[PDB]
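First comes one chain, alone, set out as structure tokens in the form deposited in one PDB entry.
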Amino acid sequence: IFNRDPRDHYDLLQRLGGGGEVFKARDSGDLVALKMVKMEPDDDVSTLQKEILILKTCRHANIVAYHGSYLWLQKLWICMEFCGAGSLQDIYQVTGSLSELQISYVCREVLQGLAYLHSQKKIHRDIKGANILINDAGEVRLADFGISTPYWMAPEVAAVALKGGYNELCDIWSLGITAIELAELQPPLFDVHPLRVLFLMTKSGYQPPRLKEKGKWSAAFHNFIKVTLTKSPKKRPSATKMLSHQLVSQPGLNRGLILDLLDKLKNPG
């Protein structure tokens, strides 16, 4: 970490989104994104610096690269890879749905980042359209919206309360949902209240979900979904195993497909 105003280092060009806040900035002259975070009177910096460590030993082209953090006047700024098309979700919300082939290259890329994260025995915890970033070159980058009364709780409740039951494999499942999300503009049950959906998922009966249209997608896309969305984590394939899958290993898959999508985003019709 460095402790200073980062307005010395970079020029703040423009504001991209709220949450904390993210800004396009320039260093070197090269373009970075600055995630700003307002910390309260209760917030202790000692703990965020253990999560900041985990971000500096994340080197992967399929991972939004972390460049170095800054503490300044009750504000924490994270410098970061700039992906100037935003997220897949800001993209389909304009372009409509993605093609099977587009969706397939996105899925191979995510798996590439995942496999490396699981390599490092980390877990993304939050795979979705909103956390997959697209540079002006149509390359794909998993971003970190996530990792970026206990006194009375017992140790078992405490443990489960940091870790969740998150297993590296729940990242796979989530990708499955993300593919459907990208196919159909919405994940399963977006028009169903979220508690109900959490309950529905735990009955001994719950069938994993699937694409609505059947004709419109290859048998390989169908298998991809069937196999990623296995209920049992013992039986769900690893990300290195999923990179074998025929949906993500077929020829033709390259940034060109997404370049198409970025044009589609400028010139509709």
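By rigid core we mean the largest C-alpha set that fits within 1.5 Å across both forms. Residue numbers run from 1 along the displayed sequence.
There is another form of this protein, the form deposited in another entry, and it is not shown here; the text below is about that form.
- Query: Given a rigid core superposition of the two forms, which one of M201, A220, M39, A61 has its CA shift by 2 angstroms or more between the shown form and the other one?
  - Reply: After core superposition, the one over threshold is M39.
- Taking the rigid core as the superposition reference, indicate whether the CA of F190 shifts 2 angstroms or more between the shown form and the other one. No, shifts by less than 2 Å.
- Query: If we fit on the core, is the Cα of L229 displaced 2 Å or more between the shown form and the other one?
  - Reply: False for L229: its C-alpha shift is below 2 Å.
- Item | CA of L243, rigid core aligned, shift of 2 Å or more between the shown form and the other one | After core superposition, the C-alpha of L243 moves less than 2 Å between the shown form and the other one.
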